[PDB]
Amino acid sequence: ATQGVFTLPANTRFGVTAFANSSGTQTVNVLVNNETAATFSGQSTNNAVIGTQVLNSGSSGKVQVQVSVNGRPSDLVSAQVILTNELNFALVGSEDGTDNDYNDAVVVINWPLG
């Protein structure tokens, strides 16, 4: 199944934050309406924040997270969870190798803000 794609309410600010846990340098691309809106890159094996940003979901509300290492797409896992019918988390894990810890880049999208 497709992973890393989320439909947000339109014209809504959201946070996006990426953590790294891998020897490989992670490149996280955040697309809004199928166009790159942010790119994070960094390397850490200790959960360092390689990027955090506030974006707007725009007219489509379509947000997609992609992860690559050395130009190779990582395998993604994702889900969205809603607490008390209002607080939203869109969650992404990614695997760049063979150990299947799926934490090599971890991306958390949260809304609403403010």
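All residue numbers are counted from 1 along the displayed sequence.
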Averaging the C-alpha temperature factors as deposited, the higher value of 75 to 83 versus 35 to 43 falls on 35 to 43
When mean C-alpha B-factors in the record are compared for 85 to 93 and 58 to 66, the larger belongs to 58 to 66
Per the deposited B-factor column, the C-alpha that peaks among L8, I109, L113, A1 belongs to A1
Chain thirds by Cα B factor, record data; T98 belongs to the highest
Here the Cα B-factor of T25, set against its chain, lands in the third termed middle
